[PDB]
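# Report on the structure
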Amino acid sequence: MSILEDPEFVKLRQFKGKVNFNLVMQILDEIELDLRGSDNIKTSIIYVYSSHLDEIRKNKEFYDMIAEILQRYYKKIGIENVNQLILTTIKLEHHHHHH
């Protein structure tokens, strides 16, 4: 159970996220819920990314790298798990208001 094998992930860690936790949680959720019923995560990416183009272009580095990782690791650990790990990647532990 890792997510460290891929260089895209470390780059996400480097950027610290800086994205809307709430929206990414929904992005991940949105592809997840589709992929739970469907079988093609690439296609699941298409809907959500085309629907949320504004945010996708906003955090294009983030959304490019995660889209790769999401598909890449869903086959290995599962999309549920990857989505959670991505949230973990954008979240600082507990030092926010006092950081």
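The rules we used
- Residues numbered from 1 in each chain as written, not as in the entry; some residues may be left out.
- Heavy atoms only, no water.
- Helix = DSSP H or I, 4+ residues; strand = E, 2+ residues; numbered from the N terminus.
- Expected span 1.5 Å × (residues − 1).
- Buried < 20%, exposed > 50% of the residue type's maximum accessible area, 1.4 Å probe, protein only.
- Contact = heavy atoms within 4.5 Å.
- UniProt positions renumbered as here; feature names shortened; annotations may be inferred.
- Core = buried A, V, L, I, M, F, W, Y, C linked by side-chain atoms within 4.5 Å.
- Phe/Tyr/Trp six-rings, centres within 6.5 Å; stacked < 30°, edge-to-face > 60°.
- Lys NZ or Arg CZ within 6 Å of the ring centre and 35° of its normal.

Method of determination, as annotated in the archive: solution NMR.

### Some thoughts on helix α6 (residues 79-90)
With twelve residues, α6 ought to run about 16 Å at 1.5 Å a step, and its terminal C-alpha atoms sit 17 Å apart, in line with that. Within the span of α6, buried status applies to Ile79, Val82, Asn83, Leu85, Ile86, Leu87, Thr89 and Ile90. In the core, the buried residues of α6 are packed alongside α1 (7-15), α2 (21-37), α3 (41-51) and α5 (60-74).

### What to know about the UniProt feature "domain: Calcium binding protein SSO6904" (unreviewed entry) in the protein chain
If you check UniProt for "domain: Calcium binding protein SSO6904" (unreviewed entry), the listed places come out as residues 1-90 in our numbering. Between the C-alpha atoms that bound residues 1-90 the distance is 19 Å, and the span itself is 78% helix and 0% strand.

### Side note on the nonpolar core
Core analysis: the biggest nonpolar cluster contains 31 residues, and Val24, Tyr49, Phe62, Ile66, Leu70 and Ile86 have the highest contact counts within it. Those elements giving two or more residues to this core turn out to be α1, α2, α3, α5 and α6. By residue number, the principal contributor to this core is α5, which donates nine residues. Those residues in contact with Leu70, other than ones at most four positions away along the chain, are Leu28, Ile31, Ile41, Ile45, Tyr49, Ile79, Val82, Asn83 and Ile86.

### Side note on the packing of aromatic side chains
Applying the stated criterion to the full structure yields two aromatic pairs. Here the aromatic rings of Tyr49 and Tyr63 are separated by 5.9 Å at their centres, their planes lie at 85°, and the arrangement is edge-to-face. Within this pair, whereas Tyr49 is found in helix α3, its partner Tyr63 is found in helix α5, the two being separated by 14 residues in sequence. By the burial criterion, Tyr49 is buried, and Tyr63 matches it. Residues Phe62 and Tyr63 carry aromatic rings whose centres are separated by 5.2 Å and whose planes lie at 85° to one another, so their mutual orientation is edge-to-face. Taken individually, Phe62 and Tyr63 each receive the classification buried, so the pair is uniform in this respect. An aromatic cluster is defined as three or more aromatic residues linked by ring pairs; in this entry it consists of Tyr49, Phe62 and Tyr63. Here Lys91 stacks its cationic end above the ring of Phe21, 5.3 Å away from the centre of that ring.

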